>>> print(open('model17.cif').read())   # mmCIF, C-alpha atoms
data_input
#
loop_
_atom_site.label_atom_id
_atom_site.label_comp_id
_atom_site.auth_asym_id
_atom_site.auth_seq_id
_atom_site.Cartn_x
_atom_site.Cartn_y
_atom_site.Cartn_z
CA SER M 459 71.55 108.73 210.92
CA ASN M 460 70.43 107.91 214.47
CA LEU M 461 69.36 104.35 213.66
CA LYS M 462 68.01 101.68 216.00
CA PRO M 463 69.89 101.92 219.33
CA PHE M 464 70.31 98.14 219.74
CA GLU M 465 71.73 96.71 216.51
CA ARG M 466 74.91 95.37 214.91
CA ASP M 467 76.70 97.35 212.19
CA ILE M 468 79.06 95.68 209.70
CA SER M 469 78.75 98.35 207.02
CA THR M 470 81.54 99.08 204.54
CA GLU M 471 82.31 100.88 201.28
CA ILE M 472 81.59 104.52 200.43
CA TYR M 473 78.01 105.60 201.20
CA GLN M 474 77.46 107.33 197.85
CA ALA M 475 79.90 110.18 198.45
CA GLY M 476 79.35 111.63 194.97
CA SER M 477 76.73 111.56 192.23
CA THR M 478 78.40 108.72 190.34
CA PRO M 479 78.33 105.36 192.14
CA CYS M 480 81.48 103.74 193.48
CA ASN M 481 80.94 100.98 190.88
CA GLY M 482 82.77 98.60 193.23
CA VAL M 483 86.04 100.46 192.59
CA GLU M 484 87.54 103.02 194.97
CA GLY M 485 88.56 106.51 193.89
CA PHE M 486 86.47 109.63 193.36
CA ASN M 487 83.19 109.88 195.35
CA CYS M 488 84.54 106.90 197.34
CA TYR M 489 85.82 106.87 200.91
CA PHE M 490 87.74 104.42 203.07
CA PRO M 491 85.59 101.98 205.08
CA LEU M 492 86.55 103.50 208.45
CA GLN M 493 88.73 106.49 209.36
CA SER M 494 91.77 105.74 211.51
CA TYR M 495 92.14 106.51 215.22
CA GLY M 496 95.58 106.48 216.83
CA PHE M 497 96.02 108.97 219.68
CA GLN M 498 99.64 109.55 220.69
CA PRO M 499 101.03 108.61 224.12
CA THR M 500 100.62 112.23 225.33
CA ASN M 501 98.07 114.20 223.26
CA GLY M 502 95.87 116.24 225.59
CA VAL M 503 94.85 115.21 229.10
CA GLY M 504 91.10 114.87 228.61
CA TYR M 505 91.40 113.77 224.98
CA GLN M 506 92.51 110.10 225.02
CA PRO M 507 89.77 107.55 224.07
CA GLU F 1 83.37 133.22 189.35
CA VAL F 2 84.56 130.75 192.01
CA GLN F 3 88.15 131.97 191.70
CA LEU F 4 90.78 129.33 192.48
CA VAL F 5 94.44 130.37 192.78
CA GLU F 6 97.14 127.84 191.91
CA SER F 7 100.84 127.69 192.76
CA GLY F 8 103.82 125.36 192.66
CA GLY F 9 103.80 124.58 188.94
CA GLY F 10 107.24 124.50 187.39
CA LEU F 11 110.05 122.42 185.96
CA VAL F 12 111.36 119.40 187.86
CA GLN F 13 114.03 116.77 187.31
CA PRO F 14 112.97 113.14 186.83
CA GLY F 15 111.97 111.48 190.08
CA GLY F 16 111.76 114.83 191.86
CA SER F 17 109.37 116.38 194.35
CA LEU F 18 107.40 119.64 194.17
CA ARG F 19 105.19 121.67 196.53
CA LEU F 20 101.80 122.33 194.92
CA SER F 21 98.99 124.31 196.54
CA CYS F 22 95.49 125.41 195.54
CA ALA F 23 93.27 127.86 197.43
CA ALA F 24 89.60 128.61 196.82
CA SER F 25 87.97 132.05 197.10
CA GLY F 26 85.45 130.90 199.69
CA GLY F 27 83.27 128.65 197.56
CA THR F 28 80.48 128.52 200.18
CA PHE F 29 83.08 127.18 202.64
CA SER F 30 81.71 123.66 202.11
CA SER F 31 82.65 121.10 199.45
CA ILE F 32 81.88 117.42 199.00
CA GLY F 33 83.73 116.26 195.90
CA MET F 34 87.05 118.11 195.74
CA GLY F 35 89.62 116.38 193.55
CA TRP F 36 92.58 116.88 191.25
CA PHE F 37 92.40 116.22 187.50
CA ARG F 38 95.05 116.55 184.80
CA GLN F 39 95.19 116.61 180.99
CA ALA F 40 98.29 114.98 179.53
CA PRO F 41 99.54 115.81 176.02
CA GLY F 42 97.79 113.82 173.32
CA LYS F 43 95.44 112.47 176.01
CA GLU F 44 92.20 113.31 177.81
CA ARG F 45 91.16 114.12 181.37
CA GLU F 46 91.42 111.34 183.95
CA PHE F 47 91.04 110.90 187.69
CA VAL F 48 94.07 111.33 189.95
CA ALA F 49 92.96 111.76 193.56
CA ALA F 50 90.16 113.10 195.74
CA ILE F 51 89.93 114.22 199.36
CA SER F 52 86.96 115.09 201.57
CA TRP F 53 86.39 118.49 203.18
CA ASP F 54 84.13 117.20 205.98
CA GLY F 55 86.59 114.48 206.97
CA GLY F 56 90.02 112.97 206.51
CA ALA F 57 88.99 110.67 203.66
CA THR F 58 91.67 110.56 200.95
CA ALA F 59 91.26 108.92 197.53
CA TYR F 60 94.15 108.20 195.17
CA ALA F 61 94.38 106.72 191.69
CA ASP F 62 96.23 103.49 190.90
CA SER F 63 99.35 105.25 189.60
CA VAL F 64 99.53 107.74 192.51
CA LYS F 65 99.24 105.30 195.41
CA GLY F 66 101.40 106.03 198.44
CA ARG F 67 103.85 108.36 196.71
CA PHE F 68 101.31 111.20 196.46
CA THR F 69 99.90 112.84 199.59
CA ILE F 70 96.90 115.20 199.59
CA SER F 71 95.64 117.22 202.56
CA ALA F 72 93.08 120.02 202.96
CA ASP F 73 93.05 122.81 205.55
CA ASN F 74 89.75 124.10 206.91
CA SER F 75 91.28 127.21 208.51
CA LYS F 76 93.18 128.56 205.49
CA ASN F 77 90.65 127.17 202.96
CA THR F 78 93.18 125.60 200.60
CA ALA F 79 94.58 122.27 199.43
CA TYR F 80 98.25 121.26 199.60
CA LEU F 81 99.51 118.58 197.20
CA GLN F 82 102.84 116.84 197.82
CA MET F 83 104.42 114.06 195.77
CA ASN F 84 107.69 112.21 195.21
CA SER F 85 109.39 110.03 192.59
CA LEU F 86 107.68 111.40 189.49
CA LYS F 87 107.92 109.72 186.08
CA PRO F 88 108.38 111.35 182.65
CA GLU F 89 104.79 110.50 181.68
CA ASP F 90 103.56 112.66 184.57
CA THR F 91 104.04 115.79 182.43
CA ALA F 92 100.55 117.32 182.25
CA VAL F 93 98.50 120.35 183.27
CA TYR F 94 96.88 119.90 186.68
CA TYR F 95 93.65 121.41 187.98
CA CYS F 96 92.01 121.82 191.39
CA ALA F 97 88.22 121.61 191.59
CA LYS F 98 85.78 122.37 194.42
CA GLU F 99 82.50 120.44 194.13
CA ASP F 100 79.74 122.34 195.91
CA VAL F 101 76.56 120.67 197.15
CA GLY F 102 74.05 120.26 194.33
CA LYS F 103 75.90 122.46 191.82
CA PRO F 104 77.92 121.89 188.63
CA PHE F 105 81.68 121.31 188.55
CA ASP F 106 83.93 124.28 189.34
CA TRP F 107 87.35 124.62 187.72
CA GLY F 108 90.42 126.82 187.83
CA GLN F 109 93.28 127.94 185.59
CA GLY F 110 95.63 125.19 186.75
CA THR F 111 99.39 125.15 186.31
CA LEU F 112 101.90 123.69 183.86
CA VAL F 113 104.07 120.93 185.34
CA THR F 114 106.93 119.50 183.27
CA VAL F 115 109.36 116.72 184.21
CA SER F 116 112.47 116.05 182.12
CA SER F 117 116.26 115.88 182.28
CA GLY F 118 116.80 118.87 179.98
#
>>> encode(input="model17.cif", output="C-alpha cells")
Amino acid sequence: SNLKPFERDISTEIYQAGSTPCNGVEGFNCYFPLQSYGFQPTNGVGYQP
Amino acid sequence: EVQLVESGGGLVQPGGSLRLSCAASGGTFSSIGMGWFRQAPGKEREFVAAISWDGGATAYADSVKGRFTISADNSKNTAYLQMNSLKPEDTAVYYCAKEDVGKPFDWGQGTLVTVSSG
C-alpha cells in the first residue's frame, strides 16, 4: 500500500496472488515480477511516459 | 449458477491452431484466480495457465510456454485462448474457471478438443 515515502524497493515474486503459496515456482496464483511498459512511437499525445 | 459458456472445441490436425473462447455470466464482474484446467484421458486434472483480471499478468505451464497465448477482455467479460503447434498428447477436455474473491471454485461445462491425423 502507500508505504514509507522515502525508501528503496527491490521486491520481486508474486505477492500471494492466490490462496496457495507460490512455493518458489511460477504458475497459478503467481505473477510476473513487474509488468512491461513499452509505449509506441505515436500512441496518444498526452500519454507517453 | 455462475453460467460459463464455452466455444471453439473441435477436431484439429496435428500441430494445428484453434480459436477457443470462454465467457462468464457476470460472476460479480471481478475475479482474482481465473485459469484453464484440463483432464486428459487416463489422467487427472493439472494446471495449464492462469491470467489476472485486474492486470495483464499471464501465467503458463511448462508445456504451454510461448506457443499458447491467453488474454482477457474487461468490456466483453470473456477470455480468449489461442494456441499453435499442438501435440497428440494435448487431447483432453478443457475448462474455464472464474475464481471470485473469498468463494469456492467455479466451473463450467468445458469443451472436447481432439487432435489426430484421422
>>> closest_atom_pairs(input="model17.cif", of="chain F", to="chain M", cutoff="6 Å", atoms="all atoms listed in the file", output="JSON lines")
{"residue": "F:50", "atom": "CA", "partner": "M:486", "partner_atom": "CA", "distance": 5.6}
{"residue": "F:57", "atom": "CA", "partner": "M:489", "partner_atom": "CA", "distance": 5.7}
{"residue": "F:59", "atom": "CA", "partner": "M:485", "partner_atom": "CA", "distance": 5.1}
{"residue": "F:60", "atom": "CA", "partner": "M:485", "partner_atom": "CA", "distance": 6.0}
>>> write_last_selection(input="model17.cif", atoms="C-alpha atoms", output="PDB file, keeping the file's coordinate frame")
ATOM      1  CA  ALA F  50      90.160 113.100 195.740  1.00  0.00           C
ATOM      2  CA  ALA F  57      88.990 110.670 203.660  1.00  0.00           C
ATOM      3  CA  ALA F  59      91.260 108.920 197.530  1.00  0.00           C
ATOM      4  CA  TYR F  60      94.150 108.200 195.170  1.00  0.00           C
TER       5      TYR F  60
END
>>> resolve_selection(input="model17.cif", expression="the PyMOL selection byres ((chain F and resi 113) around 6)", output="JSON, numbers by chain")
{"F": [9, 10, 91, 92, 93, 112, 114]}
>>> write_last_selection(input="model17.cif", atoms="C-alpha atoms", output="compact mmCIF listing (two decimals), in the frame of the given file")
# COMPACT_ATOMS: atom_id res chain seq x y z
CA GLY F 9 103.80 124.58 188.94
CA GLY F 10 107.24 124.50 187.39
CA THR F 91 104.04 115.79 182.43
CA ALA F 92 100.55 117.32 182.25
CA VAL F 93 98.50 120.35 183.27
CA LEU F 112 101.90 123.69 183.86
CA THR F 114 106.93 119.50 183.27
>>> resolve_selection(input="model17.cif", expression="the PyMOL selection byres ((chain F and resi 29-36) around 7)", output="PyMOL selection string")
(chain M and resi 476+487) or (chain F and resi 26-28+37-38+48-53+94-101)
>>> atom_distance(input="model17.cif", atom1="atom CA of residue F:25", atom2="atom CA of residue M:473")
28.6 Å
>>> resolve_selection(input="model17.cif", expression="the PyMOL selection byres ((chain F and resi 83) around 7)", output="ChimeraX atom specification")
/F:17-18,67-69,81-82,84
>>> write_last_selection(input="model17.cif", atoms="C-alpha atoms", output="CSV table (one decimal), in the coordinates of the input")
chain,number,residue,atom,x,y,z
F,17,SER,CA,109.4,116.4,194.4
F,18,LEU,CA,107.4,119.6,194.2
F,67,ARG,CA,103.8,108.4,196.7
F,68,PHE,CA,101.3,111.2,196.5
F,69,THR,CA,99.9,112.8,199.6
F,81,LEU,CA,99.5,118.6,197.2
F,82,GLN,CA,102.8,116.8,197.8
F,84,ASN,CA,107.7,112.2,195.2
>>> atom_distance(input="model17.cif", atom1="atom CA of residue F:72", atom2="atom CA of residue F:40")
24.5 Å
>>> closest_residue(input="model17.cif", among="F:103, F:45, F:65, F:87", to="residue F:2", atoms="only C-alpha atoms")
F:103
>>> atom_distance(input="model17.cif", atom1="atom CA of residue F:58", atom2="atom CA of residue M:481")
17.6 Å
>>> axis_aligned_box(input="model17.cif", around="stretch 475-492 of chain M", padding_each_side="5 Å", output="AutoDock Vina command-line options")
--center_x 82.6 --center_y 105.1 --center_z 199.4 --size_x 21.8 --size_y 23.0 --size_z 28.1
>>> closest_residue(input="model17.cif", among="F:63, F:85, F:13, F:7", to="residue F:116", atoms="all atoms listed in the file")
F:13
>>> residues_near_point(input="model17.cif", point="(119.4, 116.8, 181.5)", cutoff="12 Å", atoms="all atoms listed in the file", output="number ranges by chain")
F: 11-14, 115-118
>>> write_last_selection(input="model17.cif", atoms="C-alpha atoms", output="PDB file, keeping the file's coordinate frame")
ATOM      1  CA  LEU F  11     110.050 122.420 185.960  1.00  0.00           C
ATOM      2  CA  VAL F  12     111.360 119.400 187.860  1.00  0.00           C
ATOM      3  CA  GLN F  13     114.030 116.770 187.310  1.00  0.00           C
ATOM      4  CA  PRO F  14     112.970 113.140 186.830  1.00  0.00           C
ATOM      5  CA  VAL F 115     109.360 116.720 184.210  1.00  0.00           C
ATOM      6  CA  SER F 116     112.470 116.050 182.120  1.00  0.00           C
ATOM      7  CA  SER F 117     116.260 115.880 182.280  1.00  0.00           C
ATOM      8  CA  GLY F 118     116.800 118.870 179.980  1.00  0.00           C
TER       9      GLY F 118
END
>>> closest_residue(input="model17.cif", among="F:41, F:8, F:104, F:110", to="residue F:90", atoms="only C-alpha atoms")
F:41
>>> residues_around(input="model17.cif", residues="residue M:507", least_positions_apart="2", cutoff="9 Å", atoms="all atoms listed in the file", output="VMD selection string")
chain M and resid 497 504 to 505
